[PDB]
Structure formats: C-alpha cells, structure tokens
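Peer 1: Contents of coords15.txt (compact mmCIF, C-alpha atoms and all ligand atoms) are below:
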```txt
# COMPACT_ATOMS: atom_id res chain seq x y z
CA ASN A 1 277.16 40.75 101.03
CA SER A 2 279.12 41.66 97.90
CA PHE A 3 280.21 45.14 99.06
CA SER A 4 284.03 44.99 99.06
CA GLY A 5 286.76 47.25 100.34
CA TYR A 6 284.59 49.50 102.51
CA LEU A 7 286.02 50.95 105.71
CA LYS A 8 283.69 50.47 108.68
CA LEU A 9 282.91 53.78 110.41
CA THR A 10 280.14 52.77 112.84
CA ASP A 11 277.84 49.84 113.55
CA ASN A 12 275.90 50.57 110.36
CA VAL A 13 277.89 53.02 108.16
CA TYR A 14 280.66 51.96 105.74
CA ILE A 15 282.66 54.13 103.30
CA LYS A 16 284.70 53.68 100.11
CA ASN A 17 286.36 55.83 97.45
CA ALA A 18 284.32 54.66 94.48
CA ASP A 19 282.10 55.71 91.61
CA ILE A 20 278.58 54.76 92.69
CA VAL A 21 277.78 53.78 89.09
CA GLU A 22 280.59 51.23 89.03
CA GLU A 23 279.68 49.96 92.49
CA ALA A 24 276.07 49.50 91.40
CA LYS A 25 277.03 47.74 88.17
CA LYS A 26 279.32 45.32 90.01
CA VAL A 27 277.25 44.65 93.15
CA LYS A 28 273.69 45.04 91.78
CA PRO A 29 272.37 46.05 95.23
CA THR A 30 268.75 45.99 96.30
CA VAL A 31 268.72 49.80 96.62
CA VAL A 32 270.91 52.47 95.05
CA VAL A 33 270.31 56.04 96.22
CA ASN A 34 270.18 58.85 93.67
CA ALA A 35 271.08 62.40 94.70
CA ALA A 36 267.93 63.72 93.02
CA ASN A 37 266.39 67.14 92.59
CA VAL A 38 262.68 67.83 93.02
CA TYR A 39 262.03 67.61 89.26
CA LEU A 40 263.94 64.34 88.83
CA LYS A 41 265.98 66.07 86.08
CA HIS A 42 269.06 63.85 86.09
CA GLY A 43 271.58 66.14 84.43
CA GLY A 44 274.86 65.81 86.31
CA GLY A 45 276.52 64.53 89.44
CA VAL A 46 275.25 61.21 90.76
CA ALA A 47 271.94 61.65 88.95
CA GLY A 48 273.38 62.36 85.53
CA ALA A 49 275.87 59.50 85.88
CA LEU A 50 273.28 56.93 87.04
CA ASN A 51 270.88 58.00 84.31
CA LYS A 52 273.57 57.74 81.62
CA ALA A 53 274.35 54.20 82.77
CA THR A 54 270.66 53.31 82.26
CA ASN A 55 270.75 54.60 78.67
CA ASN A 56 268.24 57.35 79.72
CA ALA A 57 265.63 54.82 80.93
CA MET A 58 265.81 56.39 84.40
CA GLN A 59 264.91 59.79 82.93
CA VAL A 60 262.02 58.36 80.88
CA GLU A 61 260.58 56.66 83.97
CA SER A 62 261.15 59.80 86.05
CA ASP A 63 259.36 62.07 83.57
CA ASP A 64 256.28 59.84 83.77
CA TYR A 65 256.51 59.92 87.58
CA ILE A 66 256.58 63.75 87.64
CA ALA A 67 253.79 64.04 85.06
CA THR A 68 251.59 61.96 87.37
CA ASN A 69 252.67 63.11 90.83
CA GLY A 70 254.34 66.49 90.53
CA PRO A 71 257.69 67.41 92.07
CA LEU A 72 259.14 65.87 95.18
CA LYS A 73 259.72 67.91 98.33
CA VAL A 74 263.20 68.98 99.37
CA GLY A 75 263.97 66.34 102.00
CA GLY A 76 261.66 63.83 100.30
CA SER A 77 262.06 60.72 98.20
CA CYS A 78 260.44 58.24 95.88
CA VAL A 79 261.18 54.61 95.01
CA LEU A 80 261.52 53.86 91.30
CA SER A 81 263.17 51.11 89.27
CA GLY A 82 266.87 50.45 89.58
CA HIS A 83 266.97 49.51 85.87
CA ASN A 84 270.25 47.71 85.06
CA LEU A 85 271.97 49.04 88.22
CA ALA A 86 269.95 47.78 91.21
CA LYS A 87 266.55 46.36 92.04
CA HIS A 88 265.30 49.80 93.12
CA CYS A 89 266.50 53.37 92.97
CA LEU A 90 265.61 55.54 95.97
CA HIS A 91 265.59 59.11 94.61
CA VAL A 92 266.32 61.38 97.60
CA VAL A 93 266.34 65.18 97.47
CA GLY A 94 268.85 66.82 99.77
CA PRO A 95 268.87 70.60 100.08
CA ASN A 96 270.84 72.50 97.48
CA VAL A 97 272.84 75.09 99.42
CA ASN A 98 273.64 76.95 96.20
CA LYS A 99 269.90 77.71 96.00
CA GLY A 100 269.62 78.80 99.65
CA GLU A 101 267.72 75.67 100.69
CA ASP A 102 267.75 74.94 104.42
CA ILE A 103 270.65 72.65 105.37
CA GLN A 104 268.49 71.36 108.24
CA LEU A 105 266.52 69.48 105.55
CA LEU A 106 269.56 67.22 105.09
CA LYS A 107 268.54 65.26 108.19
CA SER A 108 265.03 64.80 106.76
CA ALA A 109 266.59 63.60 103.50
CA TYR A 110 268.69 60.96 105.26
CA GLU A 111 265.65 59.75 107.26
CA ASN A 112 264.32 58.26 104.00
CA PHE A 113 267.16 55.72 104.17
CA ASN A 114 265.64 54.18 107.32
CA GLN A 115 262.84 52.63 105.22
CA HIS A 116 265.39 50.27 103.59
CA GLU A 117 267.52 47.66 105.33
CA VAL A 118 270.61 48.10 103.10
CA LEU A 119 271.56 50.88 100.68
CA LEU A 120 274.38 51.94 98.37
CA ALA A 121 274.43 55.73 98.57
CA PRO A 122 276.32 58.98 98.00
CA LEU A 123 276.79 61.81 100.50
CA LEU A 124 273.60 63.81 100.07
CA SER A 125 273.80 67.54 99.41
CA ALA A 126 277.57 67.32 98.78
CA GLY A 127 279.25 67.58 95.39
CA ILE A 128 277.38 69.88 93.03
CA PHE A 129 274.60 70.45 95.64
CA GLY A 130 277.02 72.71 97.54
CA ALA A 131 277.09 71.40 101.13
CA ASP A 132 280.12 70.45 103.22
CA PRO A 133 280.76 66.70 102.79
CA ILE A 134 282.18 66.42 106.33
CA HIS A 135 278.84 67.67 107.62
CA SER A 136 276.89 65.38 105.29
CA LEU A 137 278.79 62.36 106.62
CA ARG A 138 278.10 63.37 110.22
CA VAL A 139 274.38 63.83 109.55
CA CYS A 140 274.33 60.44 107.83
CA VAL A 141 276.00 58.71 110.79
CA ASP A 142 273.68 60.45 113.27
CA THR A 143 270.45 59.83 111.29
CA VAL A 144 270.61 56.57 109.34
CA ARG A 145 270.09 53.42 111.41
CA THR A 146 269.96 50.90 108.55
CA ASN A 147 273.08 49.65 106.78
CA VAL A 148 274.53 52.22 104.40
CA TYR A 149 277.50 51.79 102.05
CA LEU A 150 278.74 55.24 101.04
CA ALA A 151 280.56 55.75 97.73
CA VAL A 152 282.67 58.93 97.69
CA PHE A 153 283.82 59.82 94.16
CA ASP A 154 286.88 61.88 95.07
CA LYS A 155 289.95 60.25 96.64
CA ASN A 156 291.33 63.42 98.23
CA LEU A 157 287.99 64.01 99.95
CA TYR A 158 287.60 60.35 100.95
CA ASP A 159 290.93 60.50 102.79
CA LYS A 160 289.92 63.74 104.56
CA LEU A 161 286.57 62.24 105.60
CA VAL A 162 288.25 59.17 107.09
CA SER A 163 291.03 61.07 108.84
CA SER A 164 288.67 63.56 110.50
CA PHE A 165 286.03 61.02 111.58
CA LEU A 166 286.71 59.85 115.20
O1 LIG B 201 283.18 65.30 94.57
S1 LIG B 201 282.52 64.34 95.40
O2 LIG B 201 283.28 63.19 95.80
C1 LIG B 201 281.93 65.08 96.82
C2 LIG B 201 280.97 64.18 97.60
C3 LIG B 201 279.74 63.84 96.78
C4 LIG B 201 280.05 63.04 95.49
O3 LIG B 201 280.61 61.80 95.88
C5 LIG B 201 278.75 62.86 94.68
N1 LIG B 201 278.97 62.38 93.34
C6 LIG B 201 279.23 61.10 93.02
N2 LIG B 201 279.48 60.24 94.05
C7 LIG B 201 279.74 58.96 93.77
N3 LIG B 201 279.80 58.40 92.58
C8 LIG B 201 279.55 59.27 91.57
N4 LIG B 201 279.54 58.94 90.24
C9 LIG B 201 279.27 60.10 89.52
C10 LIG B 201 279.07 61.15 90.39
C11 LIG B 201 279.25 60.63 91.70
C12 LIG B 201 281.05 63.84 94.62
CL CL B 202 278.34 65.59 92.52
```
Take the structure I supplied and represent it as structure tokens, if you would.
Ligand SMILES: O=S1(=O)CCC[C@@](O)(CNc2ncnc3[nH]ccc23)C1
Ligand SMILES: [Cl-]

Peer 2:
Amino acid sequence: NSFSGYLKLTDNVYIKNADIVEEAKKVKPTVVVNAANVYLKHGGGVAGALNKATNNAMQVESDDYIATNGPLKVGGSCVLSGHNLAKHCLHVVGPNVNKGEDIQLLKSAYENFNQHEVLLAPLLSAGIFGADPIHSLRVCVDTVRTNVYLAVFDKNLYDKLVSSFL
C-alpha cells in the first residue's frame, strides 16, 4: 500500500511520527479513525483537525447523525464519510480520563478496529483525552488484529513509544 515510513511493531501494527490529517490527505486510505467524543463535537485534537480539513463537512454530517441516532457510547463507534480525506471515517470514542471515564473501555474502543481490514488511526484516549500513550499503544497491540497504521503527532513521544516497546 501507499503507507510510507512506518516502523513495524508487530505482525499487524505499524507506527510513524506524523499528522494524521497529512497522512490521510496523501494516502487517501479506505478508513481513517477519528478520536471522537460521544456527541461527535469535533473541536480539537484529531477530531478538530480532521474536521477542519473537511471544511466543516464532517461536523455537518455528524450533527445529522446525532440528531437521528443520539450520542455514541464510550467505547463505541460509527462509520461515516471520509469526505476528502478517506473513503470512510470510523469515529471511535475512547474513554476520557479527565472526565473519570473507565480506562478499561479503551479495549472496547480498539475492538471497533477489528471490523476493518486496514486503518489509519491515532492512539485512542491519548492526547487531550488524558490517558497514557504508552498504555494506549499496548492496548492497541493486544486488541487490534487487523492492520493498523498509527500516526503519532509528537516526535518526542513517538521516540519514547518506540524505545520502550519490546
Ligand atoms: O500529543 S500526541 O502526539 C499524543 C498521542 C495522541 C495524539 O497523536 C493525538 N492527536 C493527533 N494525532 C495525530 N495527528 C494529529 N493531527 C492533529 C491532532 C493529531 C497527540
Ligand atoms: Cl490530541
């Protein structure tokens, strides 16, 4: 495939220091994962950045989804359009530790990835969602069985994740 410069961690997990928006724009993958919240309010982090790159079309689509279906569950997901970034966007809600949500729900969140053969994704629950990215990577490796290409925004963190992996 067109994913370039990823370090192989396991049979099915690959990692790169990259902005997921730029990776999506260049590769145009079948599935890009959004680090969503239950309301699909794409304000910041991965979600705000993906939505900005769609010129707010992701938010417009998401507001119609919520008006029809109500909020997602923490640990849940929905498939919506990938707009100009991907064929599909898989919106996945990891627990927000800053809100006291159960970190055990991170495994449930990653299980959604197993419904898709290949994904471009961030580390769920990390960044502004408050969880330890080292833990998020371990849960990913131990939960996802399909092929996942992880884009880590921060270089300092990327290097720490690689160095501490084996
Ligand atoms: O500070 S972090 O590296 C800690 C680990 C999770 C993060 O990677 C999640 N946020 C992003 N990841 C990838 N591309 C992105 N574009 C815009 C935001 C963004 C941020
Ligand atoms: Cl973030």

Peer 1: Can you pull out every residue with an atom within 12 Å of ligand LIG 201 (chain B)? Use only C-alpha atoms and all ligand atoms and format it as a PyMOL selection string.

Peer 2: chain A and resi 15-25+32-36+42-53+94+120-137+149-161

Peer 1: Near residue 1 in chain A, within 12 Å and counting only C-alpha atoms, which residues show up once chain neighbours fewer than 5 positions away are dropped, as a list in words?

Peer 2: residues 6, 27, 28, 29, 30, 118, 119, 120, 147 and 149 of chain A

Peer 1: Could you save those same residues with C-alpha atoms as a PDB file, in the coordinates of the input?

Peer 2:
```pdb
ATOM      1  CA  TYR A   6     284.590  49.500 102.510  1.00  0.00           C
ATOM      2  CA  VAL A  27     277.250  44.650  93.150  1.00  0.00           C
ATOM      3  CA  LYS A  28     273.690  45.040  91.780  1.00  0.00           C
ATOM      4  CA  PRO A  29     272.370  46.050  95.230  1.00  0.00           C
ATOM      5  CA  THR A  30     268.750  45.990  96.300  1.00  0.00           C
ATOM      6  CA  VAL A 118     270.610  48.100 103.100  1.00  0.00           C
ATOM      7  CA  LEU A 119     271.560  50.880 100.680  1.00  0.00           C
ATOM      8  CA  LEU A 120     274.380  51.940  98.370  1.00  0.00           C
ATOM      9  CA  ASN A 147     273.080  49.650 106.780  1.00  0.00           C
ATOM     10  CA  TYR A 149     277.500  51.790 102.050  1.00  0.00           C
TER      11      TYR A 149
END
```

Peer 1: Quick one: everything within 8 Å of range 73-86 of chain A, counting all atoms listed in the file, minus sequence neighbours fewer than 2 positions away in the same chain. Send it as a ChimeraX atom specification.

Peer 2: /A:21,24-25,28-32,37-38,53-54,57-58,61-62,71,88-95,105-110,112

Peer 1: I'd like to know which of A:162, A:103, A:96, A:116 is closest to ligand CL 202 (chain B), using all atoms listed in the file.

Peer 2: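 Closest candidate: A:96.
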
Peer 1: Just to confirm, what's the straight-line distance from CA of residue 163 in chain A to CA of residue 148 in chain A in Å (one decimal)?

Peer 2: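 Straight-line distance from CA of residue 163 in chain A to CA of residue 148 in chain A works out to 19.2 Å.
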
Peer 1: CA of residue 7 in chain A and CA of residue 143 in chain A, how far apart in Å?

Peer 2: 18.8 Å

Peer 1: Missing atoms in range 38-72 of chain A need filling: write out N, CA and C atoms for it as an mmCIF file, in the coordinates of the input.

Peer 2:
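So the final result, stored in out.cif, reads:
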```cif
data_model
loop_
_atom_site.group_PDB
_atom_site.id
_atom_site.type_symbol
_atom_site.label_atom_id
_atom_site.label_comp_id
_atom_site.auth_asym_id
_atom_site.auth_seq_id
_atom_site.Cartn_x
_atom_site.Cartn_y
_atom_site.Cartn_z
ATOM 1 N N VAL A 38 264.125 67.979 92.881
ATOM 2 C CA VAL A 38 262.680 67.830 93.020
ATOM 3 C C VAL A 38 261.982 67.500 91.707
ATOM 4 N N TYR A 39 262.597 67.850 90.577
ATOM 5 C CA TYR A 39 262.030 67.610 89.260
ATOM 6 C C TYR A 39 262.482 66.297 88.653
ATOM 7 N N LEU A 40 263.331 65.547 89.360
ATOM 8 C CA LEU A 40 263.940 64.340 88.830
ATOM 9 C C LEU A 40 264.566 64.588 87.449
ATOM 10 N N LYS A 41 265.232 65.736 87.302
ATOM 11 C CA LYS A 41 265.980 66.070 86.080
ATOM 12 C C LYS A 41 267.425 65.651 86.315
ATOM 13 N N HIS A 42 267.805 64.515 85.742
ATOM 14 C CA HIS A 42 269.060 63.850 86.090
ATOM 15 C C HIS A 42 270.173 64.315 85.143
ATOM 16 N N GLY A 43 270.665 65.530 85.378
ATOM 17 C CA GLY A 43 271.580 66.140 84.430
ATOM 18 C C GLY A 43 273.055 65.887 84.681
ATOM 19 N N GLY A 44 273.461 65.890 85.947
ATOM 20 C CA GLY A 44 274.860 65.810 86.310
ATOM 21 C C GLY A 44 275.015 65.207 87.692
ATOM 22 N N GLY A 45 276.261 65.146 88.157
ATOM 23 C CA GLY A 45 276.520 64.530 89.440
ATOM 24 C C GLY A 45 276.098 63.071 89.441
ATOM 25 N N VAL A 46 275.744 62.575 90.628
ATOM 26 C CA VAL A 46 275.250 61.210 90.760
ATOM 27 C C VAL A 46 274.116 60.960 89.773
ATOM 28 N N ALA A 47 273.154 61.882 89.725
ATOM 29 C CA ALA A 47 271.940 61.650 88.950
ATOM 30 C C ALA A 47 272.255 61.516 87.471
ATOM 31 N N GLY A 48 273.031 62.450 86.928
ATOM 32 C CA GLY A 48 273.380 62.360 85.530
ATOM 33 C C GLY A 48 274.148 61.090 85.211
ATOM 34 N N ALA A 49 275.054 60.687 86.108
ATOM 35 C CA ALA A 49 275.870 59.500 85.880
ATOM 36 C C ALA A 49 275.029 58.219 85.960
ATOM 37 N N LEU A 50 274.171 58.093 86.983
ATOM 38 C CA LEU A 50 273.280 56.930 87.040
ATOM 39 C C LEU A 50 272.398 56.879 85.805
ATOM 40 N N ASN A 51 271.801 58.011 85.438
ATOM 41 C CA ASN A 51 270.880 58.000 84.310
ATOM 42 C C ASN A 51 271.596 57.588 83.026
ATOM 43 N N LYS A 52 272.803 58.115 82.798
ATOM 44 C CA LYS A 52 273.570 57.740 81.620
ATOM 45 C C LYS A 52 273.802 56.237 81.574
ATOM 46 N N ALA A 53 274.108 55.631 82.724
ATOM 47 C CA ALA A 53 274.350 54.200 82.770
ATOM 48 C C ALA A 53 273.103 53.384 82.460
ATOM 49 N N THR A 54 271.909 53.956 82.641
ATOM 50 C CA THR A 54 270.660 53.310 82.260
ATOM 51 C C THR A 54 270.237 53.614 80.830
ATOM 52 N N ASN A 55 271.091 54.268 80.048
ATOM 53 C CA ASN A 55 270.750 54.600 78.670
ATOM 54 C C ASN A 55 269.514 55.509 78.604
ATOM 55 N N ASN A 56 269.337 56.372 79.610
ATOM 56 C CA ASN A 56 268.240 57.350 79.720
ATOM 57 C C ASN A 56 266.922 56.714 80.162
ATOM 58 N N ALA A 57 266.881 55.413 80.462
ATOM 59 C CA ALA A 57 265.630 54.820 80.930
ATOM 60 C C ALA A 57 265.201 55.409 82.267
ATOM 61 N N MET A 58 266.154 55.744 83.137
ATOM 62 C CA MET A 58 265.810 56.390 84.400
ATOM 63 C C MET A 58 265.089 57.713 84.169
ATOM 64 N N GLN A 59 265.565 58.514 83.210
ATOM 65 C CA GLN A 59 264.910 59.790 82.930
ATOM 66 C C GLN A 59 263.510 59.586 82.365
ATOM 67 N N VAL A 60 263.336 58.618 81.457
ATOM 68 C CA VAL A 60 262.020 58.360 80.880
ATOM 69 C C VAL A 60 261.025 57.981 81.973
ATOM 70 N N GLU A 61 261.434 57.072 82.862
ATOM 71 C CA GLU A 61 260.580 56.660 83.970
ATOM 72 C C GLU A 61 260.279 57.842 84.887
ATOM 73 N N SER A 62 261.295 58.663 85.157
ATOM 74 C CA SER A 62 261.150 59.800 86.050
ATOM 75 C C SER A 62 260.197 60.844 85.483
ATOM 76 N N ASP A 63 260.251 61.078 84.168
ATOM 77 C CA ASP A 63 259.360 62.070 83.570
ATOM 78 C C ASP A 63 257.906 61.643 83.694
ATOM 79 N N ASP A 64 257.636 60.348 83.544
ATOM 80 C CA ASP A 64 256.280 59.840 83.770
ATOM 81 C C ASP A 64 255.875 59.999 85.231
ATOM 82 N N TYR A 65 256.800 59.736 86.163
ATOM 83 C CA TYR A 65 256.510 59.920 87.580
ATOM 84 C C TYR A 65 256.103 61.363 87.880
ATOM 85 N N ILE A 66 256.872 62.335 87.373
ATOM 86 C CA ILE A 66 256.580 63.750 87.640
ATOM 87 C C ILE A 66 255.276 64.166 86.968
ATOM 88 N N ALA A 67 255.034 63.697 85.745
ATOM 89 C CA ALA A 67 253.790 64.040 85.060
ATOM 90 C C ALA A 67 252.576 63.585 85.856
ATOM 91 N N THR A 68 252.695 62.479 86.577
ATOM 92 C CA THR A 68 251.590 61.960 87.370
ATOM 93 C C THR A 68 251.494 62.600 88.745
ATOM 94 N N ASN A 69 252.631 62.797 89.410
ATOM 95 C CA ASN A 69 252.670 63.110 90.830
ATOM 96 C C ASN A 69 253.142 64.507 91.168
ATOM 97 N N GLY A 70 253.734 65.224 90.227
ATOM 98 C CA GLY A 70 254.340 66.490 90.530
ATOM 99 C C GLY A 70 255.682 66.333 91.218
ATOM 100 N N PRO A 71 256.349 67.458 91.480
ATOM 101 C CA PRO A 71 257.690 67.410 92.070
ATOM 102 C C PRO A 71 257.701 66.766 93.449
ATOM 103 N N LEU A 72 258.874 66.248 93.804
ATOM 104 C CA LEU A 72 259.140 65.870 95.180
ATOM 105 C C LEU A 72 259.254 67.120 96.044
#
```
